[PDB]
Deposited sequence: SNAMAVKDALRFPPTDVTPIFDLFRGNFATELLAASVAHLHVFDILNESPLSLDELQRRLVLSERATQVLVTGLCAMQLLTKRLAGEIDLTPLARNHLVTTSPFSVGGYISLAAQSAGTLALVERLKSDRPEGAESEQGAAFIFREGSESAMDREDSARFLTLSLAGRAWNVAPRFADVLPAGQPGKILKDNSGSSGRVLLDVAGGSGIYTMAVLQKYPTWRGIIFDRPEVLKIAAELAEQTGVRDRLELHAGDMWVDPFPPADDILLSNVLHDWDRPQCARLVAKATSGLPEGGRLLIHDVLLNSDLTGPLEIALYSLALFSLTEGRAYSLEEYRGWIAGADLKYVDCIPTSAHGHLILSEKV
């Protein structure tokens, strides 16, 4: 009887709380860059290409990108013509021989557990399994309840579906456990059907929430390994906060595999945050990217980067539509 409403917009915008919550990564990247990696003293000598800086810092491409993007977003580095240089603000205040340096003050955090953890991550690049997966899934679910109403509101209907025998569409939600985004879409589109594809420990949460939102009869839950197990037939495939967990080659692989099974007129829906096109900001996404770098194999990506993978899978890019909490729905179509 009672039905949880997944379409009502939240009464306030939670986004500033997420932005404040990332503040530690500003402190940690500052302390890592001043006191451990010598970034500012190195670049003060001369601007360097990204490849040159990678080499001089002895860091992976990914580690160098997230470091450079973070410091650019804090207005401390600048990107020319490819080269990376200090801004006057960094040159005057974060170079050790500047009379106005405050590097010693920043270095008061050099040995904090957070700074050391981030340095180790950069350089190296009591709960059981069920409780741990539930705890993490329910923690990310709070963001989904805030964003899924927007997401469902801005998702276009698309073509009549080709899987159900005018037909609704089948929406497959890959590694989007909680499945909340799909449940909102199914409340908006009563003729559609949804499929959540994820690990079994996560599907338990989806089963509960599908009952609460009253879409259980139009939702299937499939356990599977997204890299190797076949995706079920679907009109639309959603990758929501998935691709930023993965490094570049894995992103291209996942986009290709999802695309391979789409019918003509099927859609790949990428829902994620966006760095700007030269990976210099904005600040709140650059700090969130450091969190993703610390916890996963990926980072935040730009629209241009997503469009590279889309184009490599021979999909047609359609549109980019903001949701909330810095999310963007990138729509592409199988041709």
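J.: Against the full deposited sequence, which stretches does the structure leave out?
T.: Deposited residues absent from the model fall in 1-3, 84, 130-150, 191-194.
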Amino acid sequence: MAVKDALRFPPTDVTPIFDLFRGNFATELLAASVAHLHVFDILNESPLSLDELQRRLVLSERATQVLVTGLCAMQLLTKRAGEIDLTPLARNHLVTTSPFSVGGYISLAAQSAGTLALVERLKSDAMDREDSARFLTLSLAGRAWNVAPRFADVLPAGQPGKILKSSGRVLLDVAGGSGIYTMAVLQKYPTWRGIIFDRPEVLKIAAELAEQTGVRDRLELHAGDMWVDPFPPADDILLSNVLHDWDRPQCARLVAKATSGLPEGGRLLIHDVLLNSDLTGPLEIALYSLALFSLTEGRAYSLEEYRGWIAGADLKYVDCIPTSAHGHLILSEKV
From here on, numbers count along this sequence of modelled residues.
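J.: Mean Cα B factor from the PDB record: higher for 25-33, or higher for 262-270?
T.: Here the higher of the two C-alpha B-factor means belongs to 262-270.
J.: On mean C-alpha B-factor from the PDB entry, just flag whether 307-315 or 5-13 is the higher one.
T.: Of 5-13 and 307-315, the stretch with the higher C-alpha B-factor average is 307-315.
J.: Which one of 292, 68, 57, 286 shows the biggest C-alpha B-factor in the PDB entry?
T.: If I rank 292, 68, 57, 286 by C-alpha B-factor, first place goes to 57.
J.: Just to confirm, going by the entry's C-alpha B-factors, which of 255, 141, 84, 118 comes out highest?
T.: Going by the entry's C-alpha B-factors, 84 comes out highest.
J.: Looking at the temperature factor on the CA atom of residue 100, which third of the chain's modelled residues does it land in?
T.: Lowest third of the chain for residue 100's C-alpha B-factor.
J.: If you rank every modelled residue in this chain by C-alpha B factor, which third holds residue 170: lowest, middle or highest?
T.: Bottom third by C-alpha B-factor.
J.: Could you say whether, by C-alpha temperature factor, residue 135 belongs to the lowest, middle or highest third of its chain?
T.: Its C-alpha B-factor, which the entry lists for residue 135, ranks in the highest third among residues of this chain.
J.: When the modelled residues of the chain are sorted by Cα temperature factor, does residue 279 land in the lowest, middle or highest third?
T.: Within its chain, residue 279 is a middle-third residue by C-alpha B-factor, going by the deposited values.
J.: Could you say whether, by C-alpha temperature factor, residue 75 belongs to the lowest, middle or highest third of its chain?
T.: Answer is middle: the recorded C-alpha B-factor places it there.
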